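One structure below.
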Amino acid sequence: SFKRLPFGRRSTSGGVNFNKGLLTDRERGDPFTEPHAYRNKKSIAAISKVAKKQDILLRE
Amino acid sequence: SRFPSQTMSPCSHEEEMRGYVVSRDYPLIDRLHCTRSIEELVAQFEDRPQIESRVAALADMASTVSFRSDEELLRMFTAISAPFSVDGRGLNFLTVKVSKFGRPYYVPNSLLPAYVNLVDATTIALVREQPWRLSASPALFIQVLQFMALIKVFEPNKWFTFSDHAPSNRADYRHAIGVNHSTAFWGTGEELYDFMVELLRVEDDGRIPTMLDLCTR
Amino acid sequence: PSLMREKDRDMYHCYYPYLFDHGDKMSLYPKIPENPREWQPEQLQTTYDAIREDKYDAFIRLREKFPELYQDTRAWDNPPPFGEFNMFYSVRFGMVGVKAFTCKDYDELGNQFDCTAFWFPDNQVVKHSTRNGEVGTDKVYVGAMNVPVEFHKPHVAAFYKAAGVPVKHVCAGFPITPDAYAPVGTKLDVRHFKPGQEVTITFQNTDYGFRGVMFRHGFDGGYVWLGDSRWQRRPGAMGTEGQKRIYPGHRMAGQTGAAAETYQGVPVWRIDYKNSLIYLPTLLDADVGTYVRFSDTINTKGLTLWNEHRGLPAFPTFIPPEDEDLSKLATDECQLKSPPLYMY
Amino acid sequence: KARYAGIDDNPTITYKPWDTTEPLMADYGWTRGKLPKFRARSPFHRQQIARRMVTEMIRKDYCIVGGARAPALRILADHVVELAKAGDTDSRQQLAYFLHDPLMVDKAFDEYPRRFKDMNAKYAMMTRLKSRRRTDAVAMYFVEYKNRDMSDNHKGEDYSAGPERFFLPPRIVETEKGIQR
Amino acid sequence: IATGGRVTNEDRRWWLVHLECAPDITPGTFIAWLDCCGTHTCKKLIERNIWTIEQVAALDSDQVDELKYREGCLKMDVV
Amino acid sequence: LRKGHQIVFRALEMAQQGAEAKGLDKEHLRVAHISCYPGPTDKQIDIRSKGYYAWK
Amino acid sequence: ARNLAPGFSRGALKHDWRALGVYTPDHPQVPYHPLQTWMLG
Amino acid sequence: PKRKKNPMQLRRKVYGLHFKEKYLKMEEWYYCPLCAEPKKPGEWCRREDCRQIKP
Amino acid sequence: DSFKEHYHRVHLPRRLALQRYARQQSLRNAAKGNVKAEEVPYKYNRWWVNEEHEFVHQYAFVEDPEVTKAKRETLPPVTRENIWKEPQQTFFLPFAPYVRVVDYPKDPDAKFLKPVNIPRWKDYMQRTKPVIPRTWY
Amino acid sequence: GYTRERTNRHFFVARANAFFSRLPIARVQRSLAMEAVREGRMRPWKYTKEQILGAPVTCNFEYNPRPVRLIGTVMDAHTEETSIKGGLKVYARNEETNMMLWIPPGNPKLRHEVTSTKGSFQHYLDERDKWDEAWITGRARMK
Amino acid sequence: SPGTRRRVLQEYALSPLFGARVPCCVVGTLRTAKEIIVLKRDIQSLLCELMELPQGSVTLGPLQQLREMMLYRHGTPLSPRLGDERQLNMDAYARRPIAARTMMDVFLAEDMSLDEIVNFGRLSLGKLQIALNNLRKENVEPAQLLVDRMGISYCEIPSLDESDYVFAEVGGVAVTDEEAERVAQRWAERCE
Amino acid sequence: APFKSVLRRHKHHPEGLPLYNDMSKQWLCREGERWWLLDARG
RNA sequence: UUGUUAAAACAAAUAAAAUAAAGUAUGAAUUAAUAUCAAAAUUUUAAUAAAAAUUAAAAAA
RNA sequence: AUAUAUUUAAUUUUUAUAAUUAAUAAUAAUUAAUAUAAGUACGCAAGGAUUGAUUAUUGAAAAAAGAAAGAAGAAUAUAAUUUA
Ligand SMILES: [Mg+2]
Ligand SMILES: [Zn+2]
């Protein structure tokens, strides 16, 4: 790792930067409420999942 | 009348951790002082010659150099002055050869700072807090003088030079950019040597030689 | 400050009775030459001057008779002894903390502060060091994050053995004045700091590696130019200098981050002396786990930090009382919040 | 910055163990929060490589891979063992979607529960071989499942050397030659 | 909750004060409402025929030890 | 991991076999003089994509 | 802790630190036993 | 402006640390206690013994 | 090596040797059996009035080696309860607050009826430093 | 002339992510949340995203002379349990004025109360469509 | 209503701590929890015989396995307990190696008071210390049985859990002693 | 042909710059060395 | 961001995120007066002067 | 609208530990307006003071000693969350 040494980052802790005060993905829970998630006309995944979720919630 | 908070698992007599003691005010100052005998320290130094054992014994005797006696001090200095020679370099312990820049430079092990701390502790013990031990015992005077001559203290460049054809300047050189900060300009034995020469000049002002009358030809 | 030439230090400018050295005993008259021949032809050797005698006598009488009226004039003699905390001379060593996490708090006025919590695991005064015994050249090394023996390198475990202090992970040196010492092995409780206190912190920001000149300096990196060449302001003659080389300091692409960053004068928000936590309303750039170092701010706005109007520090270092037990004491009981402050 | 895989469909009464991942889709990256991305031609190519690799791993119980493919393969094998321990119909549908061979899907779902009933995590095992690939001078790693001889269709097999032919069954230790597949 | 190791009186008071936020929670609810109750944690209780908060509270020390160490439920002690 | 290292490994193997055949012991063998001097040479031209000649 | 050697500094057999004055309040240590010749070489 | 470089400028590269650590450097090796082969610590063999226990 | 760099590189060991020679005179006293710390003459002339008729105070502080050794060895006393409990003030209160309102004058707009003990606006603005006699805040 | 950007100083490069285990950081978060609850800056909440999403809420921002009241519909809740993080996404419409606020819990000068933990996804969808139509109309009138 | 909401919050805040119990002496062994599973039942009988209480009074809580750590740390409650303590050996420069990795708490009847609990804890601690010393000196009594056949080698007396906190002010309103007594009487009636 | 190595000492180099009073070069004599005192008053 | 149309769509273009384009072996060609080439500033001699002189001191990859 | 030399930006990989020495005055010419300073001197009236503190940018400035062919992660941010 001497040729890459001047460019690549170097760390002793192994690259562990985890803040237990910030908001995590499991705490956010579901991103479909975000505007991008339900108006992302460019992702079949986003469109299909948000449609399925809204239909399931309305049915329930 | 108190009871402990947990059970103490049994242990053999040889595997105990005796020999040290915490300071008086433990809940505020947890300094650890050694109470081992100088004979034990010398036996460890002479039986286990590993560098870690050497530095541990040196630190123990440097912490115990305060309340010991003249005979124990002479014994300690005679046991310490064994691996040193006058022909070779005095206090050189160069182990690592770093050639990061153009020409290489040598980094020693912990034995050099161990010896430096020992000399400093001896200076503090025989100069500042007990200024009469040298004038009282001329044997300890000559012993510490011969030890300080055997380890080349007044030329710390020979501590860091590896080949006599290219002497080192690790101690006498220093630049404000940040090079040679901890290693340059070490006041190792200057104060002790000044105290000794002042003791030898005390005769001219005292009109009668105390040290020179106590010592032998 | 007010300029005061040394030549203006004559007795006609002194606010108190000017006292000449005069050997062992202070006198009110210049030292008369013992050799009479040394007397200069116009030098008027004064042995008794009724003016100065009366002035000094009345001054001493008033000082000894009305202590309440002349209390401020008592600093002319019996100065504060050495060892007590001084407002302009006593600086104390800081501590070594670990950036724990981030949260947000709110003051009573309604302002939101995005704070970061640092953790001070085991602060212990490890070493003292002075170079050749000069003035103001002494400092105290404090160690932190006690570790086992199998962790550190051999050459640093050797130093910790030589010191006798329990082997710490990190060790930072603070330059202090000799009257602020603390014995080797002294535990430093976090209550050493106060909540309404300004602190200067030093850490290492995160590492981004080699980054472009745009990302390094933002908009500043795109345009970099400096010309110290002479140029004609008026068309009278012809003469200039060619900028041959590139001047040092040219903003280019290179290493970004991973440097020693120091914030100066951030106020403390809250202190938890059960888990050894300190909260600062400033969001830092460093990662989680960077050993920050906290030190006391000297002065701000021409005003010293430690004074009677703001408060007295825990000089030299805070020592808890005996009957206090942090184990029995709860977490909610160990909370010290700073007085309110508005910044908008 | 946001992962659409968090948008949950057909939610169960109980929250999933991961609750944020696929968990087969790994979102390869270089920060420690993600998996090491082995060099490919596109993220789709990377996913296809991972799919074929985990399929072959499930098929032949071992895989020798070079470069950063070994940690990715190990974590994906761990996720597959987690799916097998779950044993739900949706989990099986997802594994059949992600894998190339439904026969290997069935083999995994049949053999892995009995195999890893008595284990919590770190089911696979990666061993860095001292021998590097000749064409690239890249390190190689042997990734295999740990519980081979306690309960599995493979048992008492020798992996120190390959068979006489690559279409013959693998070597079998003489101690357990009586077992049948 | 991320207690870890041993449940403390702080976590006890947390659960007590959060019990107010749910008005519909009855002692007969499904075991999934409890905290740290994952799929693998609750399926073992279903195997042992534990469908109720009352039952999972009446669970014995040896039984929860078996559920944690032999079955593989991580936070069964917290549950 | 160097082609030169592989070639000199082959050379060391052959030299050890020859020394054994001559009658020298195996444990006390040491390289005394290893050198290389330029030898033969070949020149190869080749066409590339869209018709460019390259020399090697 | 396969890589971790008890008492040695960073798992190095030639840097024995056990049964010395290394004050360590919270962490334990192992008593001393003289290493063999085949262990060091 | 490019010109032929004297032999001294061709030997300046070996003074830097980049050339020394790349080409000319020895290995720390020992004998695999199960294979009796030279082995670097950290990289193991394919054999069943070397995978279960690390030699 | 610049001119100043070479000058300092060749003079710094000489400066240290000169300081050692200076401390040798101090060690002369402890050598004769009478260990005596260095004495410094306390200067009573440190409060001056400048040319522009304003007060200047010089600060001279001394270091005691015995007190240094005492602070090195003996632990400091227990910190004061009020000192560690009462937080430090954030804003520095002015030397003279302008209240602008006093209940003593019957007509508050009467400028001649306000008591003299209340500080003025001129003091409120100019008094940013302590008075001539008192030096510390 | 020359300067250095990186520092290999041991005290700066050493990390404590391995020793972060002895600090009960989650317990500190819960203690801060409980202190806020006992002071009254926030009130504990236990709802899920789909349950709270679509429930009317009233928020009073205290302000002399008149505290400003605002009745809106909860569009998104960032946290399911009480914490110092919190976060709520409300949408309120005045007379010909729509607005989307992100209310953080724990502000003493801000008292927000959801009128019912139960929510109507139909009304949520209605409010979402109204907000999206207003946003699109604003963008179209701008550009 | 906000008033009644703060009232029910104050009620649940001043409510007595349910499901909380103080342990007498936390026992610890070096074997694994999966091995202690099969012997945990006889531990109750042997502890009853050690405490000289009627059979069936000792209750063992959930078995815990202190998480093994390559980098030891003392402050964690999941840390493996050490055979030595600072109060035991102040003048020792380090601690003795790990003694316990599988732990279990021991409870008496709920009617017994804290003085009886701490007395029984001290008795158990002393008896186990004597038993371990006799084991070391040698290589019938319940202590010797627990030490030999069950592999128990650690006992701890846990400090009182002070993480609990009194509610001096709920919802921004101070708690009066009359209201606290009313809530306490209500909870006592509900328990009755 | 004489040759001075390019790898010379430097002020940033840790080895540092030497003292000619301490050096032992060929062209540096130390036997015939006398000490003179020079007062610069005026 | 701009422009066109209508009461959102299209086309342009860059600056943030994301994707790729090796640390492996194979290996040319432009160029080549040259001292182990003169870091810089000042002054000057027949046109950039890297030609000369005076200060000054410019490490290696 | 050609790969060059000088000059610059970096790097030479945990170094327990900054700088009494190159940045030879100053990061603004040690500021500095501002509500409150003042419905007030000065002005017949109209109108109109000098002025420095809390509101701001004011800490001005370089972290050079230890054994080196994996990913500085055994990688899904836990220094092994039980593990056959
Ligand atoms: Mg290094
Ligand atoms: Zn092998």
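Naming works like this for the structure tokens: A, B, ... for the chains as they're shown, residue 1 at the start of each chain, ligands 1 onward in shown order.
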
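Assigned to strand (DSSP E or B) in region 9-171 of chain K, given DSSP computed from backbone atoms, are residues 26, 27, 28, 29, 59, 60, 64, 65, 82, 95, 98, 102, 103, 104, 106, 107, 152, 153, 154, 155, 156, 169 and 170 of chain K.
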
Near residue 8 (chain M), within 10 Å and counting only C-alpha atoms (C1' of nucleotides), which residues show up once chain neighbours fewer than 5 positions away are dropped, as a ChimeraX atom specification?
/J:136-137,140

Keeping only C-alpha atoms, write the selected residues to a file as a PDB file, in the first residue's frame.
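Final output, again.pdb:
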```pdb
ATOM      1  CA  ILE J 136     -46.532  22.390  -9.244  1.00  0.00           C
ATOM      2  CA  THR J 137     -48.653  25.508  -9.791  1.00  0.00           C
ATOM      3  CA  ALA J 140     -45.119  26.673 -13.279  1.00  0.00           C
TER       4      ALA J 140
END
```

What does the list of residues within 7 Å of ligand 2 look like if you count only C-alpha atoms (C1' of nucleotides) and all ligand atoms, written as a PyMOL selection string?
chain H and resi 32-35+37+44-45+47+50+55

So that I have them on file, write out the residues from the current selection with C-alpha atoms, as a compact mmCIF listing (two decimals), in the first residue's frame.
```
# COMPACT_ATOMS: atom_id res chain seq x y z
CA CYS H 32 4.41 -24.37 7.13
CA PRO H 33 4.13 -26.73 10.14
CA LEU H 34 1.69 -28.88 8.15
CA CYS H 35 3.08 -28.61 4.60
CA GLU H 37 6.82 -25.29 2.70
CA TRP H 44 -2.51 -20.32 4.00
CA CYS H 45 -2.72 -23.49 1.92
CA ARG H 47 -5.25 -28.48 2.11
CA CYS H 50 -4.44 -25.71 6.60
CA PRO H 55 -0.48 -23.30 10.25
```

Non-local contacts of residue 59 (chain N) (10 Å; only C-alpha atoms (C1' of nucleotides); under 3 positions in same chain excluded) as a ChimeraX atom specification
/C:200,262-265,297-300

Distance query residue 100 (chain I) at most 10 Å, only C-alpha atoms (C1' of nucleotides), self and fewer than 3 positions along chain excluded, as a list in words:
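Within the cut-off, the hits are residues 97, 108, 114, 118, 119, 120 and 121 of chain I; 36 of chain N.
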
Closest contacts (chain N/chain G, max 12 Å, only C-alpha atoms (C1' of nucleotides)) as CSV:
```
residue,atom,partner,partner_atom,distance
N:67,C1',G:12,CA,11.7
N:79,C1',G:1,CA,10.6
N:80,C1',G:1,CA,8.6
```

Restrict the selected residues to N, CA and C atoms (P, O5', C5', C4', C3', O3' and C1' of nucleotides) and save them as a PDB file, in the first residue's frame.
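Writing the result to selection00.pdb gives the following:
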```pdb
ATOM      1  P     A N  67       8.449   1.224  13.170  1.00  0.00           P
ATOM      2  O5'   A N  67       8.639  -0.330  13.451  1.00  0.00           O
ATOM      3  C5'   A N  67       8.540  -1.282  12.398  1.00  0.00           C
ATOM      4  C4'   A N  67       9.894  -1.645  11.843  1.00  0.00           C
ATOM      5  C3'   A N  67       9.993  -3.048  11.248  1.00  0.00           C
ATOM      6  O3'   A N  67      10.922  -3.033  10.166  1.00  0.00           O
ATOM      7  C1'   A N  67      11.534  -2.838  13.017  1.00  0.00           C
ATOM      8  P     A N  79     -17.186  -1.563  19.185  1.00  0.00           P
ATOM      9  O5'   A N  79     -15.781  -2.078  18.644  1.00  0.00           O
ATOM     10  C5'   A N  79     -14.893  -2.796  19.494  1.00  0.00           C
ATOM     11  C4'   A N  79     -14.723  -4.224  19.043  1.00  0.00           C
ATOM     12  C3'   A N  79     -13.947  -5.124  20.005  1.00  0.00           C
ATOM     13  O3'   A N  79     -14.512  -6.433  20.001  1.00  0.00           O
ATOM     14  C1'   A N  79     -12.881  -5.109  17.898  1.00  0.00           C
ATOM     15  P     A N  80     -14.486  -7.318  21.340  1.00  0.00           P
ATOM     16  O5'   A N  80     -14.581  -8.816  20.815  1.00  0.00           O
ATOM     17  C5'   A N  80     -15.844  -9.423  20.566  1.00  0.00           C
ATOM     18  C4'   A N  80     -16.127  -9.528  19.089  1.00  0.00           C
ATOM     19  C3'   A N  80     -17.372 -10.331  18.722  1.00  0.00           C
ATOM     20  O3'   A N  80     -17.956  -9.779  17.542  1.00  0.00           O
ATOM     21  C1'   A N  80     -15.480 -11.324  17.733  1.00  0.00           C
TER      22        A N  80
END
```

When you get a sec, could you note down which chain M residues fall within 9 Å of chain B, using only C-alpha atoms (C1' of nucleotides), as a PDB file with N, CA and C atoms (P, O5', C5', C4', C3', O3' and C1' of nucleotides), in the first residue's frame?
```pdb
ATOM      1  P     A M  59      16.274  23.096  -0.707  1.00  0.00           P
ATOM      2  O5'   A M  59      17.533  22.126  -0.799  1.00  0.00           O
ATOM      3  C5'   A M  59      17.707  21.264  -1.913  1.00  0.00           C
ATOM      4  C4'   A M  59      18.538  20.061  -1.548  1.00  0.00           C
ATOM      5  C3'   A M  59      18.058  18.730  -2.105  1.00  0.00           C
ATOM      6  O3'   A M  59      18.486  18.504  -3.436  1.00  0.00           O
ATOM      7  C1'   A M  59      18.483  18.502   0.203  1.00  0.00           C
ATOM      8  P     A M  60      17.498  17.814  -4.497  1.00  0.00           P
ATOM      9  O5'   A M  60      17.250  16.358  -3.902  1.00  0.00           O
ATOM     10  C5'   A M  60      18.300  15.405  -3.848  1.00  0.00           C
ATOM     11  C4'   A M  60      17.788  14.040  -3.464  1.00  0.00           C
ATOM     12  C3'   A M  60      16.501  13.601  -4.141  1.00  0.00           C
ATOM     13  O3'   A M  60      16.718  13.095  -5.446  1.00  0.00           O
ATOM     14  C1'   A M  60      16.364  13.163  -1.820  1.00  0.00           C
ATOM     15  P     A M  61      15.667  13.401  -6.620  1.00  0.00           P
ATOM     16  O5'   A M  61      14.573  12.257  -6.458  1.00  0.00           O
ATOM     17  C5'   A M  61      14.951  10.889  -6.456  1.00  0.00           C
ATOM     18  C4'   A M  61      13.852  10.019  -5.905  1.00  0.00           C
ATOM     19  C3'   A M  61      12.487  10.199  -6.548  1.00  0.00           C
ATOM     20  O3'   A M  61      12.350   9.448  -7.742  1.00  0.00           O
ATOM     21  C1'   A M  61      12.267  10.246  -4.193  1.00  0.00           C
TER      22        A M  61
END
```

Please report as a PyMOL selection string which residues of chain C come no farther than 8 Å from chain I, using only C-alpha atoms.
chain C and resi 2-4+8-9+13-19+72-73+76-77+82-83+87+89+178-184+191+194-197+307-314+316-321+336-341

Write the selection just made, keeping N, CA and C atoms, as a compact mmCIF listing (two decimals), in the first residue's frame?
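The file below, again_12.txt, is the result:
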```
# COMPACT_ATOMS: atom_id res chain seq x y z
N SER C 2 -2.10 51.32 26.66
CA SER C 2 -1.53 52.65 26.79
C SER C 2 -0.01 52.58 26.67
N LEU C 3 0.54 53.35 25.73
CA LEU C 3 1.99 53.38 25.56
C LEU C 3 2.64 54.09 26.74
N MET C 4 3.70 53.48 27.28
CA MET C 4 4.41 54.01 28.44
C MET C 4 5.90 53.82 28.21
N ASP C 8 9.79 57.50 31.01
CA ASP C 8 8.76 58.19 31.77
C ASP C 8 8.54 57.58 33.15
N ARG C 9 9.48 56.77 33.64
CA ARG C 9 9.35 56.10 34.93
C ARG C 9 10.08 56.85 36.04
N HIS C 13 6.32 60.89 37.75
CA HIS C 13 5.24 60.20 37.07
C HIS C 13 4.70 59.03 37.87
N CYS C 14 5.30 58.69 39.00
CA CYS C 14 4.84 57.56 39.80
C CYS C 14 3.59 57.94 40.59
N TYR C 15 2.65 57.00 40.67
CA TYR C 15 1.40 57.24 41.38
C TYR C 15 1.53 57.07 42.89
N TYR C 16 2.52 56.32 43.34
CA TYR C 16 2.82 56.08 44.74
C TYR C 16 4.17 56.69 45.11
N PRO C 17 4.47 56.80 46.41
CA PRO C 17 5.80 57.30 46.80
C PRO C 17 6.93 56.48 46.20
N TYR C 18 7.71 57.12 45.32
CA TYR C 18 8.82 56.44 44.66
C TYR C 18 9.88 56.07 45.69
N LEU C 19 10.23 54.79 45.74
CA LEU C 19 11.19 54.27 46.71
C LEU C 19 12.44 53.82 45.98
N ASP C 72 -7.77 49.87 48.07
CA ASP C 72 -7.18 49.61 46.75
C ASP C 72 -5.71 49.98 46.69
N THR C 73 -5.24 50.87 47.57
CA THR C 73 -3.84 51.27 47.59
C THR C 73 -2.96 50.28 48.34
N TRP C 76 0.29 48.30 46.80
CA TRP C 76 1.64 48.87 46.73
C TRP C 76 2.63 48.06 47.54
N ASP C 77 2.18 47.48 48.65
CA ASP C 77 3.00 46.55 49.43
C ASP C 77 2.24 45.25 49.60
N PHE C 82 2.83 33.89 46.01
CA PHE C 82 2.85 32.93 44.91
C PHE C 82 2.24 31.61 45.35
N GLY C 83 1.43 31.02 44.47
CA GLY C 83 0.69 29.81 44.75
C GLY C 83 -0.82 29.99 44.64
N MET C 87 -5.27 36.35 38.26
CA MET C 87 -6.16 36.61 37.14
C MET C 87 -5.42 36.77 35.82
N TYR C 89 -1.91 35.64 35.41
CA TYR C 89 -0.67 34.86 35.35
C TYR C 89 -0.92 33.36 35.44
N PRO C 178 4.07 27.55 36.68
CA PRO C 178 4.47 26.61 37.74
C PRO C 178 3.51 26.51 38.91
N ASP C 179 2.68 27.52 39.17
CA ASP C 179 1.77 27.45 40.30
C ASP C 179 0.49 26.69 40.00
N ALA C 180 0.42 25.98 38.87
CA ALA C 180 -0.76 25.21 38.50
C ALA C 180 -0.45 23.72 38.39
N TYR C 181 0.58 23.27 39.11
CA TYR C 181 0.97 21.87 39.04
C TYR C 181 -0.04 20.98 39.76
N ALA C 182 0.02 19.68 39.43
CA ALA C 182 -0.78 18.66 40.07
C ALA C 182 0.09 17.41 40.12
N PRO C 183 0.11 16.71 41.26
CA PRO C 183 1.01 15.55 41.39
C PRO C 183 0.74 14.48 40.34
N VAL C 184 1.80 13.75 39.99
CA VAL C 184 1.69 12.71 38.98
C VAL C 184 0.70 11.65 39.42
N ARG C 191 -15.68 18.01 36.10
CA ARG C 191 -16.12 19.25 36.73
C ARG C 191 -14.98 20.26 36.82
N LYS C 194 -16.27 24.43 33.65
CA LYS C 194 -17.52 25.05 34.05
C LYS C 194 -18.44 25.19 32.85
N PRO C 195 -19.76 25.20 33.06
CA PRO C 195 -20.67 25.28 31.90
C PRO C 195 -20.64 26.61 31.19
N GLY C 196 -20.45 27.72 31.90
CA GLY C 196 -20.39 29.01 31.24
C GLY C 196 -18.98 29.41 30.86
N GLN C 197 -18.19 28.44 30.40
CA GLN C 197 -16.77 28.64 30.15
C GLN C 197 -16.47 28.53 28.66
N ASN C 307 -12.41 35.94 36.07
CA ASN C 307 -12.43 37.16 36.87
C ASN C 307 -13.60 37.08 37.85
N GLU C 308 -13.60 38.00 38.81
CA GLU C 308 -14.61 37.96 39.87
C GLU C 308 -16.01 38.20 39.32
N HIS C 309 -16.14 38.90 38.20
CA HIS C 309 -17.46 39.20 37.66
C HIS C 309 -18.09 37.97 37.02
N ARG C 310 -17.29 37.15 36.34
CA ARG C 310 -17.82 35.95 35.71
C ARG C 310 -17.76 34.73 36.62
N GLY C 311 -16.65 34.54 37.32
CA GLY C 311 -16.51 33.43 38.24
C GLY C 311 -15.06 33.03 38.40
N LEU C 312 -14.80 32.25 39.44
CA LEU C 312 -13.48 31.75 39.80
C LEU C 312 -13.33 30.30 39.35
N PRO C 313 -12.19 29.94 38.76
CA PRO C 313 -12.01 28.57 38.28
C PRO C 313 -11.71 27.61 39.42
N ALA C 314 -11.72 26.32 39.08
CA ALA C 314 -11.37 25.26 40.02
C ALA C 314 -9.85 25.06 40.04
N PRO C 316 -6.18 24.44 41.45
CA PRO C 316 -5.58 24.10 40.16
C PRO C 316 -6.42 23.11 39.36
N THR C 317 -7.05 22.17 40.06
CA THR C 317 -7.90 21.18 39.42
C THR C 317 -9.00 20.78 40.40
N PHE C 318 -10.19 20.52 39.87
CA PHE C 318 -11.33 20.16 40.71
C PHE C 318 -11.09 18.82 41.38
N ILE C 319 -11.24 18.79 42.70
CA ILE C 319 -11.16 17.57 43.49
C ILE C 319 -12.52 17.36 44.15
N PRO C 320 -13.16 16.22 43.97
CA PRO C 320 -14.49 16.00 44.55
C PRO C 320 -14.39 15.80 46.05
N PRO C 321 -15.45 16.10 46.79
CA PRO C 321 -15.46 15.80 48.23
C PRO C 321 -15.45 14.30 48.48
N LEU C 336 -25.25 19.79 34.78
CA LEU C 336 -25.00 21.21 34.98
C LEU C 336 -25.18 21.92 33.65
N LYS C 337 -26.15 22.82 33.59
CA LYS C 337 -26.46 23.56 32.37
C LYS C 337 -25.98 24.99 32.50
N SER C 338 -25.45 25.53 31.40
CA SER C 338 -24.94 26.89 31.39
C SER C 338 -26.09 27.89 31.43
N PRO C 339 -25.84 29.10 31.92
CA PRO C 339 -26.85 30.16 31.86
C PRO C 339 -27.20 30.49 30.42
N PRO C 340 -28.40 31.02 30.18
CA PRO C 340 -28.84 31.25 28.80
C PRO C 340 -27.99 32.28 28.08
N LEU C 341 -27.92 32.14 26.76
CA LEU C 341 -27.20 33.08 25.91
C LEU C 341 -27.84 33.04 24.52
```

Find the nearest atom pair between each residue of chain L and chain B for residues within 12 Å, count only C-alpha atoms, give distances in Å to one decimal, sort rows by chain and ascending number, and present the table as a tab-separated table.
```
residue	atom	partner	partner_atom	distance
L:5	CA	B:103	CA	10.2
L:6	CA	B:102	CA	8.5
L:7	CA	B:102	CA	5.2
L:8	CA	B:103	CA	7.5
L:9	CA	B:103	CA	8.0
L:10	CA	B:102	CA	9.7
L:11	CA	B:175	CA	7.1
L:12	CA	B:179	CA	6.6
L:13	CA	B:101	CA	7.4
L:14	CA	B:179	CA	6.0
L:15	CA	B:170	CA	5.5
L:16	CA	B:173	CA	5.6
L:17	CA	B:173	CA	6.5
L:18	CA	B:169	CA	6.2
L:19	CA	B:169	CA	8.4
L:20	CA	B:169	CA	11.7
L:22	CA	B:167	CA	9.5
L:23	CA	B:167	CA	8.2
L:24	CA	B:165	CA	9.3
L:25	CA	B:165	CA	9.9
```

Show me, as JSON, numbers by chain, the residues of chain G whose atoms get within 9 Å of chain C, using only C-alpha atoms for the distance check.
{"G": [4, 5, 6, 7, 8, 9, 10, 11, 15, 17, 18, 20, 21, 22, 23, 24, 25, 26, 27, 28, 29]}

Step by step, measure atom-to-atom distances between ligand 1 and each residue using only C-alpha atoms (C1' of nucleotides) and all ligand atoms, keep those at most 9 Å, then write them as a PyMOL selection string.
(chain J and resi 8) or (chain N and resi 13-15+66+68)

Find the residues in chain F near chain M: any atom within 10 Å counts, using only C-alpha atoms (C1' of nucleotides). Write them as a PDB file with C-alpha atoms, in the first residue's frame.
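Output (result-v5.pdb):
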```pdb
ATOM      1  CA  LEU F   1       5.967 -12.247  -8.077  1.00  0.00           C
ATOM      2  CA  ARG F   2       8.492 -11.310 -10.766  1.00  0.00           C
ATOM      3  CA  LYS F   3       9.328 -13.035 -14.041  1.00  0.00           C
ATOM      4  CA  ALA F  54       3.379  -0.496 -33.878  1.00  0.00           C
ATOM      5  CA  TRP F  55       6.959  -1.616 -33.283  1.00  0.00           C
ATOM      6  CA  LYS F  56       8.172  -3.699 -30.349  1.00  0.00           C
TER       7      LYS F  56
END
```

Long-range neighbours of residue 28 (chain N) as a list in words, 12 Å cut-off, only C-alpha atoms (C1' of nucleotides), 6 positions minimum in chain
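Once the adjacent positions are removed, what remains is residues 57, 58 and 60 of chain N.
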